[PDB]
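Quick notes on the structure that follows.
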Amino acid sequence: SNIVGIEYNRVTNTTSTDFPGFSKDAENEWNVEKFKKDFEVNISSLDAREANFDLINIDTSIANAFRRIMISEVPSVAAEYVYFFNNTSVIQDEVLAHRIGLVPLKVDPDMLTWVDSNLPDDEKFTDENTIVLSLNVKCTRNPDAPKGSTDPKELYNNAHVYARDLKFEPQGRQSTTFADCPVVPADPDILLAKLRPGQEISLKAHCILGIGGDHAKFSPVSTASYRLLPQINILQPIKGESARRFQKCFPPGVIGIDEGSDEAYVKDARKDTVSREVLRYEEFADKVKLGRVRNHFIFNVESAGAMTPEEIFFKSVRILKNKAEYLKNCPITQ
Amino acid sequence: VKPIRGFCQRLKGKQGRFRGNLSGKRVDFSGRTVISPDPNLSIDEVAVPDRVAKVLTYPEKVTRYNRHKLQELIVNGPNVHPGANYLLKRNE
Amino acid sequence: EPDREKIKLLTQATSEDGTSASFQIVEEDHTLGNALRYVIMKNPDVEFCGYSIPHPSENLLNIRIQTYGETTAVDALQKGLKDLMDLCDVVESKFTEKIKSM
Amino acid sequence: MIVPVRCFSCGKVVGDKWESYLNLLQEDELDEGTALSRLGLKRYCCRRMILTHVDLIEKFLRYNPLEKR
Amino acid sequence: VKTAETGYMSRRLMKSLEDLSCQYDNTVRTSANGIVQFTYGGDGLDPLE
Amino acid sequence: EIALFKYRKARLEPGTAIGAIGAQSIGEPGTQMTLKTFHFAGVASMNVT
Amino acid sequence: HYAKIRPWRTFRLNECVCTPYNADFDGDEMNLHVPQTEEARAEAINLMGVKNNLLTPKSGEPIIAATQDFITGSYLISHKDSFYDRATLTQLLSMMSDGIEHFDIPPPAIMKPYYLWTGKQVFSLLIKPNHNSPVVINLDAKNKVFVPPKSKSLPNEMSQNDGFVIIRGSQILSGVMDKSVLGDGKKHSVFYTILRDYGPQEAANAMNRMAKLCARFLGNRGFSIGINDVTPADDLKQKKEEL
Amino acid sequence: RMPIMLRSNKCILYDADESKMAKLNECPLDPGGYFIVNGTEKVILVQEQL
Amino acid sequence: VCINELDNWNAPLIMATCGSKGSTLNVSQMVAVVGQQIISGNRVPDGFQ
Amino acid sequence: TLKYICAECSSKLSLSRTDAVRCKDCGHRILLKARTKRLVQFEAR
Amino acid sequence: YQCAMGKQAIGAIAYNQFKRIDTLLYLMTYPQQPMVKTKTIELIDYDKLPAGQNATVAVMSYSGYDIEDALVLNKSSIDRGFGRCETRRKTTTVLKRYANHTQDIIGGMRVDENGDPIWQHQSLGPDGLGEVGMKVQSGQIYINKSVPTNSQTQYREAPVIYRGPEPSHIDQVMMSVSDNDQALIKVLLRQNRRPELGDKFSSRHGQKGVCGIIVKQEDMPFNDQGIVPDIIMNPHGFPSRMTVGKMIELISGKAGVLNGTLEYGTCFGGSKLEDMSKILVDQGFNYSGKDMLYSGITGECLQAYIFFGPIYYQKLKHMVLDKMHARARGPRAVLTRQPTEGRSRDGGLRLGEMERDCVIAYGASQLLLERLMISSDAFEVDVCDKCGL
RNA sequence: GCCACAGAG
Ligand SMILES: CCC[C@@H](C)[C@H]1CC[C@H]2[C@@H]3[C@H](O)C[C@@H]4C[C@H](O)CC[C@]4(C)[C@H]3C[C@H](O)[C@]12C
Ligand SMILES: [Mg+2]
Ligand SMILES: [Zn+2]
Ligand SMILES: [Zn+2]
Ligand SMILES: [Zn+2]
């Protein structure tokens, strides 16, 4: 069986059992034809910032590897160094630099090159491996503000420094390479700082590309996780008022009562967040059992705005394949 | 009036010569740090920070069995951790 | 040109005939060790495959493969890497055709 | 002191939701539990990011040294 | 408050018991070579072993 | 053979600072002891210290 | 201790060793002295070593043994309803030895439906990994919570809840592993037997294997406490009220 | 010269609104009740006697 | 009556059975009656008249 | 070079060699050094 | 213990905390008000200036690094600002006027041959006081004080040199005149600190603990929605200490953040558990707050439900950066010729009577001789064999 | 340098 059973106090059968040596039959050898026949992908939603798709008949290790590579191995572009000219705000320079490094940039990671660390700073950053973002905001008192007003958006001119103030400054051939895709933040309304008259911010941010393992600002996904497909089995029919109570143990769209026989049946097990509430009540014992399909993953990949989630998943699969190929091509030193 | 520190006051008490400087005393080559768990170390091992390890030194005498090792440690120097901080010559 | 420092065969743990072996792989973690473990355990000749990260401070992974007398552990490791490549290729193909389907 | 750019747990950008959350509480007179859901903060880790945030920057800016108070 | 008295008790006990040791003829003696016990505990057995 | 080996290795080895060991093995339970109220064999009017 | 060099600005010791120090990782600061002569170094490592001081001199009982979160994981492995297939068995065996030690997989306790190894066989391999290991220890001991069997004529191992542990050869034939068998204070523990019969190095190796296994197993087999574990049932609030 | 306790009836911060607190570089949520002597803010602690 | 009713896989019960942390008394105090408070061997002294 | 800020009236002012340490537009005797004009580099982490 | 450790939590001090120059001030970058409040919290205005953050806690045994009160932190959570803090310190100097009509001076900047300041004066500025906003490393000067020698007079150099394990940035420079008409200069230095191994965290029910390991987000457990805990706490801290109020706080906070309102943990009252269970079950979660988490290492479902929810954690002022010390050889006292006391003087650790006696108990004669004579106060002396003097 | 309190385990 491949159903992770859910009980009132424990979770049973959580480990994969598809390998020879599990039993005397010695089946489930690795056959690429059988895996090609059995594996399935079903995309249910595909937006510009979020993808939902089911991977069916795949092992837990590979799906978890895809999730981990998506979170911490797919590169993305974020601000790395900040050079300050006259930051006169209340917000400290470290805090402002950290906030600017945390904004997501709408930059294709494949248009850049990895920065060589051992090179010195005079020639480390070139036009191929660094995006320059200049910010320059000065706040002044509004001379014609209403007398009865108290909103800082009306009393002052530039009291709110947002992420859209991060102008892009092309350097060298980036004037032609980034002509049709200018560098803008993925979330332009990020509130970076607040000012009062007499204060000024001006800075240049050098943005390179890195992986999420080095720092969380480089992770291309705001979230990237799966969940097993829930499975509700009603072993005995549930009739009448109890069925209504049986409806209240689940989210509203999960199960329904048929109008003819007046019995409860499972309508949509995907909506069922496994709260196992129905296991609290003694009347539904030996009448319903809950489980999750162990090899049926529902990935929900939300991008940070730099690039599409399907590209992120494809890059994760390619990274795992390249890891395997690189390990295969290496010589084994004794 | 604060009573003067006479000769008997220098010898009695926990801050006197006998209990503060003779029975127990402050020592060199010691460090103090907050402790945190690490189950991957063996039970007969303690993990020392590399910052501390670059200060706490061991004086190894050069023999015919460890000449090249100490040459490499001298070459590495005080900043690279597998190194050395001081050298004392035989005739100096 | 080849990366000699990537994967090593720990001599002190392997067997004389190469049936049992332990390999040290640099700059990996659970995301590759678990996939290799699952793929190698599907080899009918492998009776022991297990990875470990000896210390979080070290970016390192020790994987032990013990087989029967039919094949050596190096052959099992190469077969597992090739089979993981094939799995990734199949997943890649299915995903890229279901994108174009809708 | 100011609303953080990203959620600590997952990584969703919540720094651009502070002004909208204040506007939905003040103008539309919505309750605090519905304004969060209208902004797409479904996970509770993102909800606590701006539900428990204390905007101390406004209080700190009253003591501006660059301009008479 | 119990540590304040316990430390003094331990210090007194050790300053009274530090000099004793088991000699090579299995007799426990003081630093002035005077016998306290002819055999340790009556049988000369280590509590640790 | 096992019994004789265990007996012959259980003797107190000469040179052991057994007085310091005893002083510590008496002082340390004094640290571990919590202060409780006891009575002498089932009558509540004694309160033996 | 033998020194290791790590970059994280704190002294780190195995949690089996914090019991002689009476130390907890809640802000404790400790001291580190370095002997500067060969005689002092040898005397420190041969008279004050951790391996040579597994037993307190106050009573002779072990003082360096399994602490909290290592007893619980070992108990959950050695629980009676713990059955592992060959993949999980092998991963657990590699988890206690950094993927270096050679393991001789014993025949499974269940054969016809599937091939399943009990966690007591996992700890039998923990005590003695292969045929080249010399550790062969035999002992009988009672657990902390021992429920006597139904009849007084029956032996102690035929009790309920695996109260009695029996180790013959190196196989754990009965019982669970708890503070009585793996912890400190009792002279019938596994590590005490290994230290007395085969020297301190094998006891240290077994403790290291146990710590490395239980530091990686309980994360992948979760263990949690909630208010559901603390709330009383419905009838208890009436029985307590009436009493 | 008597060193006056902050937020007493002889202090400058007595019954002052938040704007005057901002004008004097003083926090409105400061508890008060201490003396500023030589720049250091010292509190006369409550004594318990028979 | 509290301890005998708690089901298996109860975390305080497991931690008490192991001896890793806690005891039966702590579980009984958390789930059921805390019990009499004892000060210096007696009950609570008359703080007031 | 204007380098100092009066802590009360917030007026940028400079001090010569013989000038007293006090503001010129008011009697306040507390002066804060203004921020330097030289480049300061930070790592966005 | 909570009453003891609440006064050491790092957080906002006052509204004028950036206009203050205090001798030591710990501030938190992103403070949050507690999810589970109290009427006393509202009455004393603690929620206006809170000290702590609401961390997603999964009460489970994750690694071996959470044993004995130690806590597991999330590296990605720390990278996004969890537990980030700063330390501000004050250095004050007085340009006193001596009775000989001579006074201290501040100016001076030793420029090199090329036309740039020297390394020790790299951030010292033309007026002698270090520039606001620049980074000061160990060995550099931020106050270039000079003292007349006779107290055309000659001034000897007595600068104020920064020294410490990590660099600091000059946050504020202030000059004024005291009552006795002597110039007063105050320099406030700030340095930003992130959580590391050894940093102390408290959980507002006692339950103090230092960080034992910092692991990546993908190594952490996760729920169906992808929520990753910021702090993993060992289950073994509850039974011996019996903090049921902590579990009630977790459930109240979870139900409040799902419902959108702050909850109350008021003594002899507060938000009842049944209402929070109803709120949790209406939102699709378990009534007891026990979620089902997949482990990030192997991907499989955990075989036990994990107590999962927000807990208010406090970062205490005790950080390992201020505690680490090591001596080797250094200064010695003039009287006893033994190592000095304290890490401020590069002192040595005392091997007291108890440690001496512990070394005696092992029988280590040569180790005792080395520790108490060779490495502390060894001295070659000449003694007369006849008179014994 | 001497006192004085304040904390840490
Ligand atoms: C150098 C690496 C290039 C790589 C990142 C580029 C080159 C080939 C590209 C894919 C193909 O276009 C087919 C698909 C088209 C859909 O629209 C979006 C997804 C889809 C899988 C693509 C993703 C991505 O854009 C790829 C892999
Ligand atoms: Mg402690
Ligand atoms: Zn979030
Ligand atoms: Zn002025
Ligand atoms: Zn003489």
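Just so it is clear, the values below take in all heavy atoms, side chains as well, and ignore hydrogens, waters and symmetry mates. In what follows, every chain begins at residue 1, and chains take the letters A, B, ... in the order their sequences are listed.
Evaluation of the salt bridge (charged side-chain N to carboxylate O under 4.0 Å, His left out) test over residues 27-36 of chain B, restricted to residues two or more places apart or in two chains, returns B:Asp28-K:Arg327, B:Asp28-K:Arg332, B:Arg32-G:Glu29.
Legend: residues meeting salt bridge (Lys or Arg N to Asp or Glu O under 4.0 Å) with K:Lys317, ordered by chain and number and at least two apart, are absent. Among residues two or more places apart in sequence or in another chain, the ring pair (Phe, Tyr, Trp, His ring centres under 6.0 Å) test is passed with K:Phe18 by D:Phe60. Qualifying side-chain hydrogen bond (donor to acceptor under 3.5 Å, both in side chains) partners for G:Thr19, counting only residues two or more places apart in sequence or in other chains: none. Residues meeting the side chain to side chain contact (heavy atoms under 4.5 Å, CB included) test with K:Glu157, sequence neighbours left out: K:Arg110, K:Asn144, K:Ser146, K:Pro159.
Taking for each of K:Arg345 and G:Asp24 the nucleotide of RNA chain L with the nearest heavy atom, the 5'-most of the two is the partner of K:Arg345.
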> Could you run down nucleotides 2-8 of chain L 5' to 3' and tag each one B, S or - for protein heavy-atom contact under 4.0 Å?
Replying inline: -----SS
